[PDB]
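Have a look below at one chain only, the form deposited in one PDB entry, in structure tokens format.
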């Protein structure tokens, strides 16, 4: 079709090309003619033809986990914004924590020759670590590790441990000493890391968390429901709960309310994520906020760099959580005594 254009305008295609990309000077009339031909023919240059010739697709691949979950969804949207903004195209892939799915998506990606790769796989067993190295040639940034687990990628780190600690401290500072916790999968950063930060704050305070008070969630509302229920279902119950993710938390409120428990009058609850609509939870959720957007932009930024400035050295940038006081926490029995 570029031939079709040239001919209509009676110039070579080389010409058509340069005018299309302003890649060299072209006489007005000439330009005009080309433009005209372009219009009638209703021409749209193939980006594939071009990608073949130039050696880059101007498209980036997001190897995600799931995309419905608030947390993820929020990140992804951030990511797309940046792509769009710098003319990149986004290929979204959810491997659902499945190796096969993940091997598959990784292959299509390389095949489709994506300029770079955004990685959000949640859990990283060796085998996954392995595959990724196998593709170290395509530039990539992992967005969900707590620390850099490989020299062949860039990493954006969230300080989930310091976020967990922040959560514990708050409770402690508000008068609590009988706390429970519902963490996310230990196989994840946002899971293991948040817990531990939180646990350090407890040891520091000589607070012991009875194992019947720790219940594993999977970041899903239903998981928060079951755990909360199991915690309050007990003879002896905490006066406060630390829930590893806002969504699971929303599930914890439900249950409490279903047991006719008052939040935060009968139980205080603090989340983690500060998902877009946590403020509208009932009650407005107190939580630790994760800078999801900066988390996306920053990742996209390292990618571009590696891409354009052709950096070779793995890099890593940290981002920081922060506390958001809303209304699910109330003073505890020991407030007055500090």
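What we label the rigid core is the largest C-alpha set whose atoms superpose within 1.5 Å from one form to the other. Positions refer to the first chain, counted from 1.
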Review point. Would 15-23 or 311-319 have the larger average of its C-alpha temperature factors, as given in the entry?
Key: 311-319
Practice item. Name the higher of the two by mean Cα B-factor in the PDB entry, 254-262 versus 147-155. Key: 147-155
Review point. From 290, 287, 44, 277, pick the one with the largest CA B-factor in the entry?
Key: 44
Exercise for review: Identify, among 217, 180, 87, 139, the residue whose C-alpha carries the highest B-factor in the deposited PDB entry.
Suggested key: 139
Check your understanding: Sorting the chain's CA B-factors, does residue 33 end up in the lowest, middle or highest third?
Key -> highest
Study note, to complete from the structure: Of the three thirds of Cα B-factor ranks in this chain, residue 125 occupies the middle
Check your understanding: Based on the entry's values, in what third of the chain does the Cα temperature factor of residue 194 lie: lowest, middle or highest?
Key -> middle
Check your understanding: Which third, lowest, middle or highest, does the CA B-factor of residue 50 fall in along this chain?
Key -> lowest
Exercise for review: Would you mind checking where the Cα B-factor of residue 305 ranks among the modelled residues of its chain, as the lowest, middle or highest third?
Suggested key: highest
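Another form, the form deposited in another entry, is not on view; read the next lines as being about it.
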**Study point:** Only residue that shifts (Cα, 2 Å or more, rigid core superposed) between the shown form and the other one, among 255, 114, 263, 247
**Key:** 114
Practice item. Take the rigid core as the frame of reference and indicate whether the C-alpha of residue 175 shifts by 2 Å or more between the shown form and the other one. Key: no
Exercise for review: Please say whether, between the shown form and the other one, the C-alpha of residue 159 moves by 2 Å or more once the core is aligned.
Suggested key: no
Check your understanding: Is residue 211 among the residues whose Cα moves by 2 Å or more between the shown form and the other one after superposition of the rigid core?
Key -> no
Practice item. Since the Cα separation of residue 216 and residue 70 moves by 3 Å or more in that other deposited form, tell me which way: closer or farther than here. Key: closer
Practice item. Report the direction of the Cα distance change between residue 70 and residue 217 in that other deposited form, compared with the displayed form, as closer or farther; the change is 3 Å or more. Key: closer
